[PDB]
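Here we start with a single chain on its own, the form deposited in one PDB entry, put down as structure tokens.
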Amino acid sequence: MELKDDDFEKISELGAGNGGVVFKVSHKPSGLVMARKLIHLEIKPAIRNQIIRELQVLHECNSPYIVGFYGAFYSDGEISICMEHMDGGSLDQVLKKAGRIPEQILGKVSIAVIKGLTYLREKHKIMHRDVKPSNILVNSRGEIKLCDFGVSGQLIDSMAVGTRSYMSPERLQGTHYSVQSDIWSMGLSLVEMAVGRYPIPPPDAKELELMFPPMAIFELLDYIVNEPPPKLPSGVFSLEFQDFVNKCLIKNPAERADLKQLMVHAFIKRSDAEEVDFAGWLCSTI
């Protein structure tokens, strides 16, 4: 069935970001609750068609690890993407209430992200391009799914920054980037979720014993691309987790681990085995 603007009705607002705003909406004709992302773009009907046309491949993106697609259309200066409402929000949100995320959970998240990136790569030749905690959604059935990935080339072009980059050093420095870049974004996200805050600059020895100003733009990018990469603090994380993220945060994208390798890494194999009531822990956390 086709989706259109008048067939919808706002329930609440799920939040916004750089460029987009997302509503919890009811699709009157189906009765389905959906998340509707609106993206403001002043753009000629020729390209706004190609964008909508390119977004249709989302209908073919079905995975337990990828957020469901209902449909996409253009309204009034805004292209809408309608998707599965994830009643548990983004890991960004859960990080806020949770403070830290237990290594055991993170291992479950890691599994989802890898399988999800793998799905997008293997079955669609799509790289994510924007991996961070807010584009990893969770729900009450304990599912973990990726969203806001780079399906439509033209949309990418039409959106052509903030105070926190999850961009790999190679992408910060040029155009010489690709799927390895997502691995970095993951690594960083995990360290952030692991620790409780954005890992750059790394915490003082003090700040660490405590757990257990905001940087200038250039000052931060200059760190990412030129200082050694962040690390899980010794001691309170398994040696396997530490190696996992260290492999993700290698500065040279060709030396950096790839999806193949991470999938059979000690940490993943170990997390695969662990009995974790992710669902139970999530709701407990809310």
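Rigid core: the largest C-alpha set superposing within 1.5 Å between the two forms. Numbers follow the displayed sequence, beginning with 1.
Unshown form deposited in another entry; subsequent notes refer to it.
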Notebook entry, point to check: Pick from 64, 45, 228, 31: whose Cα moves by 2 Å or more between this form and the one not shown, rigid core superposed?
Noted result: 45
Check: Would the C-alpha of residue 198 be classed as shifted by 2 Å or more between this form and the one not shown after rigid-core alignment?
Finding: no
Next item on the list: Align on the rigid core first; then say whether the Cα of residue 96 has moved by at least 2 Å between this form and the one not shown.
Entry: no
Check: Does superposing the core leave residue 141 with a CA shift of 2 Å or more between this form and the one not shown?
Finding: no
